[PDB]
file start-v3.cif (mmCIF, C-alpha atoms)
data_model
#
loop_
_atom_site.label_atom_id
_atom_site.label_comp_id
_atom_site.auth_asym_id
_atom_site.auth_seq_id
_atom_site.Cartn_x
_atom_site.Cartn_y
_atom_site.Cartn_z
CA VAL A 1 -11.88 2.15 8.03
CA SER A 2 -12.74 0.01 4.98
CA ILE A 3 -10.11 -1.67 2.77
CA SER A 4 -10.30 -2.94 -0.83
CA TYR A 5 -7.94 -3.89 -3.69
CA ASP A 6 -7.35 -2.57 -7.24
CA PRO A 7 -5.94 -4.44 -10.27
CA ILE A 8 -3.99 -1.36 -11.50
CA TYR A 9 -1.20 -1.64 -8.88
CA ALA A 10 0.53 -4.48 -10.74
CA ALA A 11 4.29 -4.87 -11.30
CA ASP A 12 4.32 -3.10 -14.71
CA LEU A 13 2.34 -0.06 -13.44
CA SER A 14 4.30 3.14 -14.12
CA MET A 15 4.83 5.28 -11.00
CA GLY A 16 4.06 8.47 -13.00
CA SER A 17 0.33 7.62 -12.78
CA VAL A 18 0.18 7.84 -8.94
CA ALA A 19 0.15 10.91 -6.64
CA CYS A 20 3.78 10.26 -5.58
CA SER A 21 5.23 11.25 -9.00
CA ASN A 22 8.71 12.84 -8.85
CA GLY A 23 8.76 16.12 -6.84
CA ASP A 24 10.32 15.78 -3.36
CA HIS A 25 8.49 12.55 -2.33
CA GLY A 26 8.67 11.01 -5.86
CA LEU A 27 9.81 7.38 -5.68
CA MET A 28 10.43 7.14 -9.47
CA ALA A 29 13.92 8.69 -9.01
CA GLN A 30 15.69 5.78 -7.23
CA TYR A 31 12.93 3.32 -8.16
CA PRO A 32 11.40 4.30 -11.54
CA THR A 33 9.15 1.18 -11.42
CA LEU A 34 6.80 -0.31 -8.78
CA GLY A 35 8.52 -3.34 -7.20
CA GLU A 36 11.25 -2.24 -4.75
CA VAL A 37 10.15 0.65 -2.46
CA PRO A 38 7.14 -1.32 -1.10
CA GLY A 39 8.78 -4.58 -2.24
CA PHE A 40 6.29 -5.66 -4.98
CA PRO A 41 3.13 -7.28 -3.45
CA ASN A 42 2.94 -4.85 -0.49
CA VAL A 43 1.93 -1.61 -2.25
CA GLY A 44 -1.47 0.13 -2.17
CA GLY A 45 -3.13 3.55 -1.91
CA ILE A 46 -3.65 5.12 1.53
CA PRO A 47 -5.81 8.05 2.86
CA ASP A 48 -2.73 10.01 4.12
CA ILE A 49 -1.50 11.08 0.64
CA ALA A 50 -2.40 14.60 -0.59
CA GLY A 51 -1.44 14.53 -4.29
CA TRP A 52 1.57 14.99 -6.59
CA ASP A 53 3.88 15.27 -3.53
CA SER A 54 2.24 13.85 -0.37
CA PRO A 55 4.23 14.47 2.83
CA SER A 56 3.35 10.99 4.17
CA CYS A 57 4.52 9.15 1.02
CA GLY A 58 6.88 6.23 1.74
CA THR A 59 5.43 5.31 5.18
CA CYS A 60 5.16 1.71 6.44
CA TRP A 61 1.89 0.47 8.02
CA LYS A 62 0.51 -2.88 9.24
CA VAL A 63 -3.09 -3.89 8.40
CA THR A 64 -4.95 -6.34 10.69
CA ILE A 65 -8.32 -8.11 10.15
CA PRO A 66 -10.79 -9.85 12.54
CA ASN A 67 -9.84 -13.29 11.11
CA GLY A 68 -6.31 -12.98 12.52
CA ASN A 69 -3.84 -12.02 9.77
CA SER A 70 -1.89 -8.90 8.70
CA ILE A 71 0.42 -7.55 5.98
CA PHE A 72 2.58 -4.40 5.63
CA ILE A 73 1.56 -1.73 3.10
CA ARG A 74 3.84 1.19 2.15
CA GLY A 75 2.18 4.47 1.09
CA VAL A 76 2.24 5.27 -2.66
CA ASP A 77 -1.19 6.71 -3.74
CA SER A 78 -4.10 8.54 -2.02
CA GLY A 79 -7.52 7.07 -1.14
CA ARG A 80 -10.97 8.72 -0.97
CA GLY A 81 -11.75 6.91 2.31
CA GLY A 82 -9.97 3.60 3.03
CA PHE A 83 -6.81 1.57 2.30
CA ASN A 84 -6.56 -0.14 -1.12
CA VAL A 85 -3.81 -2.67 -2.01
CA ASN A 86 -2.90 -5.11 -4.81
CA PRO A 87 -5.32 -8.03 -5.25
CA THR A 88 -2.46 -10.43 -4.38
CA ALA A 89 -1.94 -8.72 -0.99
CA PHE A 90 -5.71 -8.65 -0.39
CA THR A 91 -6.15 -12.40 -1.11
CA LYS A 92 -3.23 -13.24 1.20
CA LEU A 93 -4.52 -11.05 4.07
CA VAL A 94 -8.16 -12.29 3.96
CA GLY A 95 -7.71 -15.60 2.11
CA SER A 96 -9.76 -14.77 -1.02
CA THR A 97 -11.02 -11.81 -3.11
CA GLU A 98 -14.71 -12.71 -2.54
CA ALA A 99 -14.88 -10.37 0.50
CA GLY A 100 -14.36 -7.31 -1.74
CA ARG A 101 -14.20 -4.67 1.02
CA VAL A 102 -13.82 -5.27 4.78
CA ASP A 103 -14.64 -2.48 7.27
CA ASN A 104 -13.26 -2.03 10.83
CA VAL A 105 -9.66 -2.79 9.76
CA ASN A 106 -7.04 -1.89 12.40
CA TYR A 107 -3.88 -0.15 11.14
CA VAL A 108 -0.66 0.88 12.94
CA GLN A 109 2.61 2.51 11.78
CA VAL A 110 5.90 0.60 12.22
CA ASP A 111 9.60 0.99 11.28
CA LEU A 112 10.38 0.98 7.52
CA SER A 113 12.70 -2.05 7.89
CA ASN A 114 9.65 -4.18 8.83
CA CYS A 115 7.90 -3.37 5.51
CA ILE A 116 10.93 -4.47 3.44
CA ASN A 117 11.59 -7.54 5.64
CA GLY A 118 7.94 -8.69 5.40
CA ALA A 119 7.60 -8.11 1.63
CA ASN A 120 10.90 -9.93 0.97
#

call {"tool": "encode", "arguments": {"input": "start-v3.cif", "output": "structure tokens"}}
result
Amino acid sequence: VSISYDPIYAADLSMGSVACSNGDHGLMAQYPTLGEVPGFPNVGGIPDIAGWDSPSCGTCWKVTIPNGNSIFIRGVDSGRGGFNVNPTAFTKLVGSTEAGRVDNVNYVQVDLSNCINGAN
């Protein structure tokens, strides 16, 4: 799998613009703004989201790279083929944004508490 980062998932990004908008999996209800469900700097799109109401929305995952570092990303948007997260999370996981996209990234699902504990 290949991972990248997008500048749109910033703190003032409205949740109505992502696939998880209201419906049953909508996160806008309790958290109408991005910066609490994932935490703030641990949010990104993921390939397991279908659309307006993905069944895997709100799922914690750990991303690991060959350098030896990992962060927790909570599902929020869908991806064509790879995991995309905020540029701040990308720089922290790799060290800089010069890499752009890194393939062969290992990912594993963990308890939700770990995502909130890591982000905070």

call {"tool": "residues_around", "arguments": {"input": "start-v3.cif", "residues": "residue 59 of chain A", "least_positions_apart": "6", "cutoff": "10 Å", "atoms": "all atoms listed in the file", "output": "list in words"}}
result
residues 38, 46, 48, 73, 74, 75, 76, 109, 110, 111, 112 and 115 of chain A

call {"tool": "atom_distance", "arguments": {"input": "start-v3.cif", "atom1": "atom CA of residue 116 of chain A", "atom2": "atom CA of residue 89 of chain A"}}
result
14.3 Å

call {"tool": "closest_residue", "arguments": {"input": "start-v3.cif", "among": "A:54, A:106, A:117, A:88", "to": "residue 3 of chain A", "atoms": "only C-alpha atoms"}}
result
A:106

call {"tool": "closest_residue", "arguments": {"input": "start-v3.cif", "among": "A:30, A:104, A:21, A:69", "to": "residue 82 of chain A", "atoms": "all atoms listed in the file"}}
result
A:104

call {"tool": "resolve_selection", "arguments": {"input": "start-v3.cif", "expression": "the PyMOL selection byres ((chain A and resi 17) around 12)", "output": "list in words"}}
result
residues 8, 9, 12, 13, 14, 15, 16, 18, 19, 20, 21, 22, 26, 27, 28, 32, 33, 34, 51, 52, 76, 77 and 78 of chain A

call {"tool": "write_last_selection", "arguments": {"input": "start-v3.cif", "atoms": "C-alpha atoms", "output": "CSV table (one decimal), keeping the file's coordinate frame"}}
result
chain,number,residue,atom,x,y,z
A,8,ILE,CA,-4.0,-1.4,-11.5
A,9,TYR,CA,-1.2,-1.6,-8.9
A,12,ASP,CA,4.3,-3.1,-14.7
A,13,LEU,CA,2.3,-0.1,-13.4
A,14,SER,CA,4.3,3.1,-14.1
A,15,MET,CA,4.8,5.3,-11.0
A,16,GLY,CA,4.1,8.5,-13.0
A,18,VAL,CA,0.2,7.8,-8.9
A,19,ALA,CA,0.2,10.9,-6.6
A,20,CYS,CA,3.8,10.3,-5.6
A,21,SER,CA,5.2,11.2,-9.0
A,22,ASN,CA,8.7,12.8,-8.8
A,26,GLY,CA,8.7,11.0,-5.9
A,27,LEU,CA,9.8,7.4,-5.7
A,28,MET,CA,10.4,7.1,-9.5
A,32,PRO,CA,11.4,4.3,-11.5
A,33,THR,CA,9.2,1.2,-11.4
A,34,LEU,CA,6.8,-0.3,-8.8
A,51,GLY,CA,-1.4,14.5,-4.3
A,52,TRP,CA,1.6,15.0,-6.6
A,76,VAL,CA,2.2,5.3,-2.7
A,77,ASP,CA,-1.2,6.7,-3.7
A,78,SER,CA,-4.1,8.5,-2.0

call {"tool": "atom_distance", "arguments": {"input": "start-v3.cif", "atom1": "atom CA of residue 86 of chain A", "atom2": "atom CA of residue 24 of chain A"}}
result
24.8 Å

call {"tool": "atom_distance", "arguments": {"input": "start-v3.cif", "atom1": "atom CA of residue 67 of chain A", "atom2": "atom CA of residue 93 of chain A"}}
result
9.1 Å

call {"tool": "closest_residue", "arguments": {"input": "start-v3.cif", "among": "A:107, A:31, A:90, A:40", "to": "residue 60 of chain A", "atoms": "all atoms listed in the file"}}
result
A:107

call {"tool": "closest_residue", "arguments": {"input": "start-v3.cif", "among": "A:85, A:119, A:37, A:65", "to": "residue 103 of chain A", "atoms": "only C-alpha atoms"}}
result
A:65

call {"tool": "residues_around", "arguments": {"input": "start-v3.cif", "residues": "residue 98 of chain A", "least_positions_apart": "3", "cutoff": "12 Å", "atoms": "all atoms listed in the file", "output": "VMD selection string"}}
result
chain A and resid 4 to 5 87 90 to 91 94 to 95 101 to 102

call {"tool": "axis_aligned_box", "arguments": {"input": "start-v3.cif", "around": "segment 82-85 of chain A", "padding_each_side": "4 Å", "output": "AutoDock Vina command-line options"}}
result
--center_x -6.9 --center_y 0.5 --center_z 0.5 --size_x 14.2 --size_y 14.3 --size_z 13.0

call {"tool": "resolve_selection", "arguments": {"input": "start-v3.cif", "expression": "the PyMOL selection byres ((chain A and resi 44) around 6)", "output": "number ranges by chain"}}
result
A: 43, 45, 84-85

call {"tool": "closest_residue", "arguments": {"input": "start-v3.cif", "among": "A:35, A:23, A:47, A:58", "to": "residue 113 of chain A", "atoms": "only C-alpha atoms"}}
result
A:58

call {"tool": "closest_residue", "arguments": {"input": "start-v3.cif", "among": "A:97, A:41, A:36, A:63", "to": "residue 83 of chain A", "atoms": "only C-alpha atoms"}}
result
A:63

call {"tool": "build_atoms", "arguments": {"input": "start-v3.cif", "residues": "segment 87-103 of chain A", "atoms": "N, CA, C and O atoms", "output": "mmCIF file, in the frame of the given file"}}
result
data_model
loop_
_atom_site.group_PDB
_atom_site.id
_atom_site.type_symbol
_atom_site.label_atom_id
_atom_site.label_comp_id
_atom_site.auth_asym_id
_atom_site.auth_seq_id
_atom_site.Cartn_x
_atom_site.Cartn_y
_atom_site.Cartn_z
ATOM 1 N N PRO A 87 -4.411 -6.888 -5.481
ATOM 2 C CA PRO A 87 -5.320 -8.030 -5.250
ATOM 3 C C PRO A 87 -4.535 -9.211 -4.679
ATOM 4 O O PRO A 87 -5.086 -10.026 -3.965
ATOM 5 N N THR A 88 -3.258 -9.304 -4.950
ATOM 6 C CA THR A 88 -2.460 -10.430 -4.380
ATOM 7 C C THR A 88 -2.302 -10.210 -2.872
ATOM 8 O O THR A 88 -2.402 -11.138 -2.093
ATOM 9 N N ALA A 89 -2.078 -8.988 -2.454
ATOM 10 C CA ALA A 89 -1.940 -8.720 -0.990
ATOM 11 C C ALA A 89 -3.296 -8.919 -0.329
ATOM 12 O O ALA A 89 -3.395 -9.484 0.744
ATOM 13 N N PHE A 90 -4.341 -8.475 -0.972
ATOM 14 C CA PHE A 90 -5.710 -8.650 -0.390
ATOM 15 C C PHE A 90 -6.030 -10.143 -0.201
ATOM 16 O O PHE A 90 -6.481 -10.555 0.851
ATOM 17 N N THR A 91 -5.826 -10.942 -1.216
ATOM 18 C CA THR A 91 -6.150 -12.400 -1.110
ATOM 19 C C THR A 91 -5.328 -13.050 0.006
ATOM 20 O O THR A 91 -5.800 -13.909 0.716
ATOM 21 N N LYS A 92 -4.100 -12.646 0.141
ATOM 22 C CA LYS A 92 -3.230 -13.240 1.200
ATOM 23 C C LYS A 92 -3.692 -12.792 2.594
ATOM 24 O O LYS A 92 -3.683 -13.566 3.535
ATOM 25 N N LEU A 93 -4.077 -11.552 2.732
ATOM 26 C CA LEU A 93 -4.520 -11.050 4.070
ATOM 27 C C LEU A 93 -5.866 -11.657 4.486
ATOM 28 O O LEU A 93 -6.051 -12.031 5.629
ATOM 29 N N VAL A 94 -6.813 -11.733 3.586
ATOM 30 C CA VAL A 94 -8.160 -12.290 3.960
ATOM 31 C C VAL A 94 -8.249 -13.775 3.621
ATOM 32 O O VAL A 94 -8.850 -14.551 4.341
ATOM 33 N N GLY A 95 -7.667 -14.169 2.527
ATOM 34 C CA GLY A 95 -7.710 -15.600 2.110
ATOM 35 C C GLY A 95 -8.304 -15.689 0.701
ATOM 36 O O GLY A 95 -7.994 -16.590 -0.055
ATOM 37 N N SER A 96 -9.148 -14.754 0.341
ATOM 38 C CA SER A 96 -9.760 -14.770 -1.020
ATOM 39 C C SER A 96 -10.212 -13.364 -1.413
ATOM 40 O O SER A 96 -10.249 -12.466 -0.592
ATOM 41 N N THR A 97 -10.561 -13.166 -2.661
ATOM 42 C CA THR A 97 -11.020 -11.810 -3.110
ATOM 43 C C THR A 97 -12.553 -11.725 -3.103
ATOM 44 O O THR A 97 -13.127 -10.762 -3.576
ATOM 45 N N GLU A 98 -13.216 -12.723 -2.576
ATOM 46 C CA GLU A 98 -14.710 -12.710 -2.540
ATOM 47 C C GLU A 98 -15.214 -11.654 -1.551
ATOM 48 O O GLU A 98 -16.284 -11.099 -1.710
ATOM 49 N N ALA A 99 -14.448 -11.384 -0.523
ATOM 50 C CA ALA A 99 -14.880 -10.370 0.500
ATOM 51 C C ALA A 99 -15.078 -9.005 -0.157
ATOM 52 O O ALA A 99 -16.011 -8.293 0.164
ATOM 53 N N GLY A 100 -14.215 -8.635 -1.067
ATOM 54 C CA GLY A 100 -14.360 -7.310 -1.740
ATOM 55 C C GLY A 100 -13.830 -6.210 -0.822
ATOM 56 O O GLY A 100 -12.694 -5.787 -0.935
ATOM 57 N N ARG A 101 -14.649 -5.743 0.089
ATOM 58 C CA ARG A 101 -14.200 -4.670 1.020
ATOM 59 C C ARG A 101 -14.517 -5.058 2.464
ATOM 60 O O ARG A 101 -15.612 -5.496 2.769
ATOM 61 N N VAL A 102 -13.570 -4.903 3.356
ATOM 62 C CA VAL A 102 -13.820 -5.270 4.780
ATOM 63 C C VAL A 102 -13.650 -4.039 5.682
ATOM 64 O O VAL A 102 -12.604 -3.427 5.724
ATOM 65 N N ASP A 103 -14.691 -3.674 6.379
ATOM 66 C CA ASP A 103 -14.640 -2.480 7.270
ATOM 67 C C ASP A 103 -14.026 -2.818 8.634
ATOM 68 O O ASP A 103 -13.748 -3.960 8.941
#
